[PDB]
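In this text, residue positions in the sequence shown follow my numbering: the first is 6, and each later residue adds one. Below is one structure; the comments refer to it alone.
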Amino acid sequence: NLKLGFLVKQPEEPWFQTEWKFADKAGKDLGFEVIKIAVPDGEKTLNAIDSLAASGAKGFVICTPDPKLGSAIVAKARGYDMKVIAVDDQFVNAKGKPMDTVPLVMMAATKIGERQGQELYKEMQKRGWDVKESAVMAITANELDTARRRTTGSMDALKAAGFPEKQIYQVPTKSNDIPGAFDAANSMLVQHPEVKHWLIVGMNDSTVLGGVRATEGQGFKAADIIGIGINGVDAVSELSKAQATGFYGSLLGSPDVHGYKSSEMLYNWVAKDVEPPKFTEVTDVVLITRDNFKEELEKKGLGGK
Ligand SMILES: C[C@H]1O[C@H](O)[C@H](O)[C@@H](O)[C@H]1O
């Protein structure tokens, strides 16, 4: 009866696919229809809201393709008597200050970034790399808070663990995907012939994967590369390959939680003016590798591997 939207910036990522899946679940439970829309850019975002209004949706969950669209999104929604909840990516104002007023569901970015770093360092030690000939490549998306806090967290952890600060090289990526990250990593690789072993730091699976792909192209074998993604669900195809690669593992979050919970809260809000908490931080994480990925997915009920 009631129709609620679930707008995602990147429909191609398993992460977002899963959030859609679990929105559908909440829909069945509570008795609402979820309208699933891809919003890969600003225009499509604004158009999509119009479209929702036409369909008579009461509200929407959104992961905006651009945090800086926040103001506009709110203005449009307001106009249509729509309630908004942000998932994953927080709205910011013109100045890049967060819009605290919009309820947000997100991962504990910093904490998860830090776990990445810890796990990078641990695996390095396991392999017995000489620090003197090792480096960290940090592929950054500093314009996105959530991404920033992951990669910063990771670098902080590595530094805390005793990885030499001066051997940490950052490079911005133009896009938060494989192609973008590849390009970025490549440009950094050719700058540093002296490095024999790389740690790859990136905010998510795709970013790290791009990094890994570049290293391979520059004649690094798996043993000499450690990349640990974040998302988990996005990494399955990699972890499924016959042969081990530079991509060691991924930190599996809870896209299920993000999808279901964001939806359920909106409904309660729309249906019963039950005001959501402003901020919901999801702290779940588990390292999945070649050995355990299958169990851990099935254990979290994201079956298939
Ligand atoms: C938790 C999410 O954070 C951002 O939205 C990234 O772009 C996603 O791929 C995902 O990792």
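Cβ coordinates follow ideal geometry from the N, Cα and C atoms, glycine included.
Q.
Given 7 angstroms as the limit, tell me if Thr157 has its C-beta closer than that to any heavy atom belonging to ligand 1.
A. no
Fill in: Rounded straight-line distance, which links the Cα of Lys116 to that of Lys305
20 angstroms
Query raised in the report: Which term fits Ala143, buried or exposed, when burial requires 16 or more other beta carbons within 10 angstroms of its beta carbon?
Result: buried
So is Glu170 buried or exposed if we call it buried at 16+ other beta carbons inside 10 Å?
exposed
| message | By the DSSP assignment, the alpha helix (DSSP H) with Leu125 in it spans what residues? | response | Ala114 to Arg132
When you measure from the CB of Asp93 to every non-hydrogen atom of ligand 1, does any distance come out below 7 angstroms?
yes
Distance between beta carbons of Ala146 and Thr178, contact taken as under 8 angstroms: 6 angstroms
Whether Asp93 touches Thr23 by CB criterion (8 angstroms) = no
**Asked** Going by C-alpha distance, which of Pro16, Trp274 and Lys26 is nearest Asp46?
**Response** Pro16
| field | Distance between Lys246 and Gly234 (C-alpha atoms, nearest Å) | value | 16 angstroms
*Around the C-beta of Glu199, are 16 or more other C-beta atoms found within 10 angstroms, so that it is buried, or is it exposed?*
exposed
Exercise. If you check the beta carbons only, do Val217 and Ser259 fall under 8 angstroms apart?
Worked result: no
**Message:** Using a Cβ-Cβ cutoff of less than 8 angstroms, which residues in the same chain neighbour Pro184 once the five nearest sequence positions on both sides are dropped?
**Reply:** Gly215
For a test of your reading of the model: does the CB of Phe96 fall under 7 angstroms from any non-hydrogen atom of ligand 3? Yes or no.
Ligands displayed in this structure: ligand 1; ligand 3 is not among them.
Where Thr294 sits in the DSSP three-state scheme: strand
I need the straight-line Cα distance from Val290 to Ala91, nearest angstrom please. 21 angstroms
- prompt: For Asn6, does the count of other Cβ atoms within 10 angstroms reach 16, so buried, or fall short, so exposed?
  reply: exposed
* Does the beta carbon of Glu18 fall short of 7 angstroms from some heavy atom of ligand 1? -> yes
Can you confirm whether the segment 119-129 touches the segment 104-111 when touching is taken to mean that 3 or more C-beta pairs between the two stretches lie within less than 8 angstroms? no
Between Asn147 and ligand 1, is there a pair consisting of the residue's CB and a ligand heavy atom that are separated by less than 7 angstroms? no
Beta carbon of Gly118 nearer than 8 angstroms to that of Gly158
yes
Original post:
For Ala152, does the three-state DSSP call read helix, strand or coil?
Top reply: helix
**Q.** Where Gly84 sits in the DSSP three-state scheme
**A.** helix
Checklist line | Inter-stretch contact (C-beta, 8 angstroms, three-pair minimum) for the segment 248-263 and the segment 34-52 | finding: no
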